[PDB]
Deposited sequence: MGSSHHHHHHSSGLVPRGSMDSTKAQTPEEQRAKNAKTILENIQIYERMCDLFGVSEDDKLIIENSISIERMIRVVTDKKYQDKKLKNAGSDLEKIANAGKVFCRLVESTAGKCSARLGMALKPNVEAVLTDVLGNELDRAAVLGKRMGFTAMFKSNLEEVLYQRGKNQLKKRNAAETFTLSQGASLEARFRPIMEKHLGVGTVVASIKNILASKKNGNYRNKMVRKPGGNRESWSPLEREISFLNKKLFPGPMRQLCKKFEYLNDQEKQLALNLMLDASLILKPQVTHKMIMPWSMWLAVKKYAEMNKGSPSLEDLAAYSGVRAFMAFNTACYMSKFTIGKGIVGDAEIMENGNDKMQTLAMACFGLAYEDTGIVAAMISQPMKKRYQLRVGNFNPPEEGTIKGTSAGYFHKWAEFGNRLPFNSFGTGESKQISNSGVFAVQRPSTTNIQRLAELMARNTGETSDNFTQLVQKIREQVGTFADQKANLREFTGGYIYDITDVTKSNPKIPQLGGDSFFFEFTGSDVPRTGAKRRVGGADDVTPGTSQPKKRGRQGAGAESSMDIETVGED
């Protein structure tokens, strides 16, 4: 039952709000300043540092109508004591905080062992090693490949080894076909053959899209803002009503959090330390971080938000650390006027209504007609159905190139997430599907003439 899962989420969310508020108290954050997102980022960072098997924390304080950085200090036992009073499961909840931090850094910075152009496949790249197994489904192909490369580099200087676990993770994500067969021989390949297999599977995934799990992960501060709004506005949805990490209720949760949430505007953006931050640009950065939208088609995002969509280097945004001096600004409520489901399966597969199994016609009448076969679906079928087992490493490499080629040759007609639509935020029943008008540059990290000087 959906309500069963929301009740479970509300329990976890209420625990996180309790931890956040009590930790803020322990570090001397006023009740009003608990709603500043910078403080949530810093508090969550401190918990992750302390709980990794006498504590200072950089924080924002509101003063004289402005904001200023202060260094909060607590006894390490008191931090642990607050956690004990409220509370594997801790790993998951902190795994999520790390994932939001990774998704924020993906928007802010493009950032080793993988080619620069594969960076849009590096979801979860900021996660520390301890959180990677827990958040495995959220990690991109590039992130797992980098971990595999790290293991291999560590070797050159148990029934389930870390490398074997990582390979199993990659196999599940990869587009079906010869890439999955190549994973099965990874242990039998030499070091150079391993490097080639990894870079080939990574390059091919830039068109043969992998399956990656997406959730709406926002800072604890914003969940606190949902709770306070729910208590203050009686006709409003409850926290359990909004205790969803996907679907329309997640968008309602984010928009509701934006009524009371706060962030800081200061001197210094990423790139130039002398340029002033802009409120709307920081709002867009916050929205993109909470939904992991850095690598998403900007046209899709632009069709759903209440402000003009901007490319990365047109945004005057800082690092979300507490500024030494600045102004506090409220988040914008109603930022998302349209919503959509997450695509957590292979993008070339169907999602929703457009999921019939008919991909061809068999003619009956001798009537001239065009061929109607869905070439994309046929190519996917043959990837799953016509695999040769006697293929060696060289042969698998070749069919991976050929698999990339057949979809590249079809690029103009390739469709991802067929049957998926955007819906108005009021349209919770999904009764009126809409299709965004896409076109033009869809890359968030494109350089433009409207970019910020020095950035």
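No C-alpha positions are given in the record for the deposited-sequence stretches 1-26, 80-100, 135-141, 166-171, 218-232, 531-571.
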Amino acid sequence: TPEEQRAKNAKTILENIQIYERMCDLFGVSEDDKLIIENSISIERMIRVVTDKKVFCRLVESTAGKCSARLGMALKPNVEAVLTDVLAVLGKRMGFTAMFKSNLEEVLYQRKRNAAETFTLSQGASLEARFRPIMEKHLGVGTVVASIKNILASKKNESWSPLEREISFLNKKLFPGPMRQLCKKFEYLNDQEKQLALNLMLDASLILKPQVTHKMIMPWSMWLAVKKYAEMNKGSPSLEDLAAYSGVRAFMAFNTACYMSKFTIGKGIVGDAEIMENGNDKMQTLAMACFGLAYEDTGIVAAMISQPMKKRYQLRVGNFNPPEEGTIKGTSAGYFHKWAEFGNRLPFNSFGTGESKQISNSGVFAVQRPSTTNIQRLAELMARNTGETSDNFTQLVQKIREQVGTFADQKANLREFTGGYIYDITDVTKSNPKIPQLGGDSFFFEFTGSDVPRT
From here on, numbers count along this sequence of modelled residues.
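Higher mean CA B-factor, judged across 139-147 and 271-279 from the recorded values: 271-279. The stretch with the higher mean CA B factor, choosing between 408-416 and 42-50, is 408-416. As recorded in the entry, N190 carries the highest CA temperature factor of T264, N190, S371, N199.
Looking at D297, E105, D203, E231, the one whose CA carries the top B-factor in the deposited record is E231. Split the chain's modelled residues into thirds by C-alpha temperature factor. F393 is in the lowest one. For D427, the recorded CA B-factor ranks within the highest third of the chain. Only modelled residues enter the ranking. For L293, the recorded CA temperature factor ranks within the lowest third of the chain's modelled residues. Ranked within its chain, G95 lands in the lowest third, by CA B factor from the PDB record.
Per the deposited record, the Cα B-factor of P323 falls in the middle third when ranked against the other modelled residues of its chain.
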